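Peer 1: What follows is a protein structure lacking sequence information:
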C-alpha cells in the first residue's frame, strides 16, 4: 500500500515500489517511457499521464492498463482535475490552435480548448469537488460550474486581477484574489465566497500592502485564512487574512528575506523561515503570535509532513543540504540528515519517508535520489551513470486521510 515513485531521466521513465521494497514497479513498462518530457499523477494517485512531446498516454495505476493514447498531442505540461474527470494539457501557442486542451479521461474526447499564451498558471483551477473551475482571463476570474465549459457561470471583475487561489476542502468555495492596483496605488488581496461578489459588503476580507514584484497566496486546509507573501532572495513581507475579516502584517523578529512560509495541515499553525543567514524559523498561531521558536540555522525551506506532526527545516540551493527534522507535537529535534546538492524535496504521503533528488537542469553533476526515514536513515538511493541525467522524481500522491499520522516513538 506504500506510494510508488516515478523516476524520469535520460535512461527513460520508470516506477519504483515504495518502502521498504524499492523494487522496479510492473505498473509502468520502462519501454513506454523513452524521451519522457512530462509526467504527472492525479491527486488521488490512481491515474498517471506522460508525454514525449509527440504524444500523451494515460494509465490506471491501480487497475493497471493503458486508458488512452493521444497520438498527436504535443503537450509540454499536464495536470488532472482533482476528481480525475479531466486531463488538462498545455503546449506553447503558435501560428493558432487553442493550446490549452481539456480531455475527458473516460472517453478521450476534448471537453474544451482555450488560448493560454503564458505557461505561468496555465492550468484552470478546479475546486476539490470539481463543481467549480476558474481561469484568470483578461485580468478577470471566469468561473465554470460542473465541468460545463460552454457557459461562463460567473465573472469576478475587480480592477485587474493578476492571480487567484480557490480555498481547498468542501463547498462553499472561497477565492482569494490579488489586485496589483493602478500605477502608484497600493495592491490588495481580497477574499470572497463564491458566487457572492456583488455589493459593498460581499468581500469576506481585504488586506492592502505596497506594490510587490511577486505575491504568493496560501490557503489553510480549513479555508479560514490566507497567508500572503509580498516579495521582490531579498525583501518580502507576510500578511495574514482571515475569512472572519481579520487581517494583519505578521511580525518577523529578524530583518532579511522571507525564504518560505507553510501551513500546518491542522490549519491553526504556520511556519516562516526568515532573516539574513543564519535564518530564523518560528511557528505562529492564527493570532500570528509565536507558538515555538527553532532559533537559527542554515535554512531556506520548510516542509511539514502531510499530517503536520513533523517539520523539516532544510537548507537547499546555495546551502549545504542540512535537513533539521523536528517533532512538532513534542517540539523535539529528531535528526539533522544532510542531502548534499539536493534540488528537490518531497514528503512521502505516508508522513514517514522523505524523497530528496538532484536533477538536471538545476544541477548537472551527482544526479540521483535518496529515500530517507525522518530519523535520518537512508533506505534507498540511486545515482545516475556519468553519461545520464535525472529530470524528475515524485511520489504517487494520495488523498489526505488514507495514511495514518504515525506516532513518533
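Peer 2: Sure, I can see it. Numbering: from 1, shown residues only.
Peer 1: residue boundaries of the strands in the stretch 1-150 of the chain?
Peer 2: 5-9, 12-16, 38-41, 47-51, 56-60, 65-70, 77-80, 86-90, 100-104, 110-114, 125-126, 132-137, 140-145 (DSSP state E, counting those that start in this stretch).
Peer 1: Show me what the following helix or strand past the last one is packed up against.
Peer 2: Along the chain past strand 140-145, the next helix or strand (assigned with DSSP states H and E) turns out to be strand 154-156. The contact analysis (3 or more Cβ pairs under 8 Å, 6 or more residues apart in numbering; DSSP states H and E) places strand 154-156 against strand 140-145. Quick note: C-beta positions are derived from backbone N, CA and C, even for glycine.
Peer 1: The strand it packs on pairs with which strands, parallel or anti?
Peer 2: Pairing partners of strand 140-145, with direction, according to DSSP bridges: strand 132-137 (antiparallel), strand 154-156 (antiparallel).
Peer 1: how distant is the last one from the center of its chain?
Peer 2: The reference is to strand 154-156. 25 Å (Cα atoms, centre = their mean, to the nearest Å).
Peer 1: Other residues contacting it?
Peer 2: Strand 154-156 is contacted by residues 140-143, 164, 175, 177, 192, 194-195, 197 when judged by Cβ atoms under 8 Å, 6 or more residues apart in numbering.
Peer 1: list the contacts for the closest residue to residue 158 other than its chain neighbours?
Peer 2: Nearest non-adjacent residue to residue 158, counting by Cβ to Cβ, 6 or more residues apart in numbering: residue 179, 5.7 Å away. Contact analysis of residue 179 by Cβ under 8 Å, 6+ apart lists 158-162, 187-190.
Peer 1: Which ones among these map onto helices?
Peer 2: Within the contacts of residue 179, no residue falls in helices by DSSP state H.
Peer 1: before we move on, the earlier item: I'd like the strands of the stretch 1-150 of the chain as TSV, with mean neighbour count appended.
Peer 2: Conversion of the strands of the stretch 1-150 of the chain to TSV gives the following (neighbours: other Cβ atoms under 10 Å):
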stretch	mean neighbour count
strand 5-9	24
strand 12-16	21
strand 38-41	21
strand 47-51	23
strand 56-60	20
strand 65-70	15
strand 77-80	21
strand 86-90	24
strand 100-104	21
strand 110-114	17
strand 125-126	21
strand 132-137	21
strand 140-145	19
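Peer 1: Relative to residue 392, which of the ones you listed is closest?
Peer 2: For these, proximity to residue 392 was assessed by Cβ to Cβ; strand 5-9 is nearest, at 4.3 Å.
Peer 1: Parallel or antiparallel, which strands does the closest one pair with?
Peer 2: In its sheet, and by DSSP bridges, strand 5-9 pairs with strand 12-16 (antiparallel), strand 390-395 (antiparallel).
Peer 1: Could you save these as JSON lines and add columns showing distance to residue 301?
Peer 2: Listed next are the strands paired with strand 5-9 as JSON lines, based on distance: least, Cβ to Cβ, whole Å:
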{"stretch": "strand 12-16", "distance to residue 301": "24"}
{"stretch": "strand 390-395", "distance to residue 301": "17"}
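Peer 1: Of all the ones you listed, which one comes closest to residue 264?
Peer 2: Of all those, strand 390-395 comes closest under Cβ to Cβ, at 19.6 Å.
Peer 1: Show me how far that closest one is from its chain's centre.
Peer 2: The answer for strand 390-395 is 15 Å, by Cα atoms, centre = their mean.
Peer 1: Stretch 77-94 too?
Peer 2: 15 Å.
Peer 1: Can you pull out the residues in contact with the helix or strand that residue 312 is a member of?
Peer 2: Assigned by DSSP H and E, residue 312 belongs to strand 310-314. Contacts to strand 310-314, defined as Cβ under 8 Å, 6+ apart, come from residues 271, 273, 281, 283, 294, 297, 299-305, 321-328, 334, 339, 342, 345, 347, 351, 354, 374, 408.
Peer 1: In helices, which of those appear?
Peer 2: Per DSSP H, these never map to helices.
Peer 1: Narrow these to those in strands?
Peer 2: 271, 273, 281, 283, 294, 297, 301-304, 323-327, 334, 345, 347, 354 (DSSP state E).
Peer 1: Which pair in the contacts of residue 179 has the greatest spatial separation?
Peer 2: Largest pairwise distance in the contacts of residue 179, by Cβ to Cβ, is 13.8 Å, between 160 and 189.
Peer 1: which residues of the stretch 151-300 of the chain fall in strands?
Peer 2: Counting by DSSP E, counting those that start in this stretch, the strands of the stretch 151-300 of the chain are 154-156, 163-166, 174-179, 187-193, 205-209, 214-219, 225-231, 236-242, 247-249, 258-263, 269-274, 279-285, 290-297.
Peer 1: just checking, residue 23 touches residue 15?
Peer 2: No: contact criterion Cβ atoms under 8 Å: residue 23 and residue 15 do not qualify, at 10.1 Å.
Peer 1: list the contacts for residue 386?
Peer 2: If you count contacts by Cβ under 8 Å, 6+ apart, then residue 386 has nothing around it.
Peer 1: where does it land in three-state SS?
Peer 2: coil (DSSP: H, G, I helix; E, B strand; the rest coil).
Peer 1: So it versus residue 343, what's the distance?
Peer 2: 18 Å (Cβ to Cβ, to the nearest Å).
Peer 1: and if you look at residue 308?
Peer 2: Following Cβ to Cβ, the distance that separates residue 308 from residue 343 is 25 Å.
Peer 1: which one of these two has more residues nearby?
Peer 2: residue 308 (21 against 17; other Cβ atoms under 10 Å).
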